[PDB]
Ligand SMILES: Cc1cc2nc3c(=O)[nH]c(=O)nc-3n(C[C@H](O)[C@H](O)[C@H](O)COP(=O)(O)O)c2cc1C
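Shown below, as structure tokens, is a lone chain in the form deposited without the ligand; questions about how it binds or moves come after it.
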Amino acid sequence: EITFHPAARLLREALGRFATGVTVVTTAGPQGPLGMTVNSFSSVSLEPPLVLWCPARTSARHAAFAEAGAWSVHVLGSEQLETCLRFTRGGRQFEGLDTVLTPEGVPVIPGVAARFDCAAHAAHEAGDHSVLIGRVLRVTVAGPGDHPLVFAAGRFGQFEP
């Protein structure tokens, strides 16, 4: 056991000890669909139904997500690494993907384990990222719920119950 004070490799390693799923959050941008892969999602409230996620303020897409009225969180299954990588920095994004929209105009990705279609609810700055809180208006689930894509200790993998 070792202790240090933040001040950068060591901090990233430590924060990576918290296991997560992987989400792609999408929105209609000023000149086309946009998405961003994050793992900073949390389920926040049941009544009302609220969730949060944290866009990087160092992304050129940050402003579009901060200004959006509507955005959708996609929880990926373990077979969807390619979708994850598309919406990482430097990935293909929606290039080659079918345009499919929600009733509110949000671009979405078919066939994810869960999609939460959200209305913007609150936003707060938080250092090098923002915290966006959304109200869930619609939920879509597909397939079994117990095969998530998991990211932990810097690696992709699976959940073993």
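For every residue, the number given is its place in the sequence shown, counted from 1.
Engineer: Our gap detector needs a label for residue 7 to residue 8. Which class matches the unmodelled residues of the deposited sequence there: none, 1 to 3, 4 to 9, or 10 or more?
Structural biologist: Missing in between: 1 to 3 residues.
Engineer: I need to verify one thing: averaged over C-alpha atoms only, is the B-factor higher for 48 to 56 or for 99 to 107?
Structural biologist: The stretch with the larger average C-alpha B-factor is 99 to 107.
Engineer: Going by the mean C-alpha B-factor recorded in the entry, which is higher: 20 to 28 or 144 to 152?
Structural biologist: Looking at the record's C-alpha B-factors, the answer is 144 to 152.
Engineer: Please pick out which of 36, 133, 63, 70 has the largest Cα B-factor as recorded in the entry.
Structural biologist: It is 63.
Engineer: Which third, lowest, middle or highest, does the C-alpha temperature factor of residue 117 belong to within its own chain?
Structural biologist: Its C-alpha B-factor belongs to the lowest third of this chain's values.
Engineer: By the record's CA B-factor, is residue 74 among the lowest, middle or highest third of residues in the chain?
Structural biologist: For residue 74, whose C-alpha B-factor we compare with every modelled residue in the chain, the answer is the lowest third.
Engineer: Quick one: classify residue 11 as lowest, middle or highest third of the chain based on its Cα B-factor.
Structural biologist: Highest third.
This protein has a second form, the form deposited with the ligand bound, left out of what is shown; the following refers to that one.
Engineer: Which one, 54, 34, 68, 136, lies within 4.5 Å of the ligand in the bound PDB entry by heavy atoms?
Structural biologist: Answer to the contact question: 54.
Engineer: Okay, which stretch from 97 to 105, 113 to 121, 26 to 34, 54 to 62 lines the ligand in the bound PDB entry, with non-hydrogen atoms inside 4.5 Å?
Structural biologist: Looking at the partner contacts, the answer comes out as 54 to 62.
Engineer: With a cut-off of 4.5 Å between heavy atoms, is residue 40 one of the residues that contacts the ligand in the bound PDB entry?
Structural biologist: Residue-level check for residue 40: yes, a contact with the ligand.
Engineer: Using 4.5 Å between non-hydrogen atoms, is residue 156 touching the ligand in the bound PDB entry?
Structural biologist: Heavy-atom contact with the ligand at 4.5 Å: present for residue 156.
Engineer: Heavy atom to heavy atom, is residue 78 within 4.5 Å of the ligand in the bound PDB entry?
Structural biologist: No, no contact at 4.5 Å.
Engineer: Are any of the heavy atoms in residue 129 no more than 4.5 Å from a heavy atom of the ligand in the bound PDB entry?
Structural biologist: Answer yes; at least one heavy atom of residue 129 falls within 4.5 Å of the ligand in the bound PDB entry.
Engineer: Using a 4.5 Å cut-off on any heavy atom, which residues of 71 to 91 would contact the ligand in the bound PDB entry?
Structural biologist: The stretch touches the partner through 87, 88, 89.
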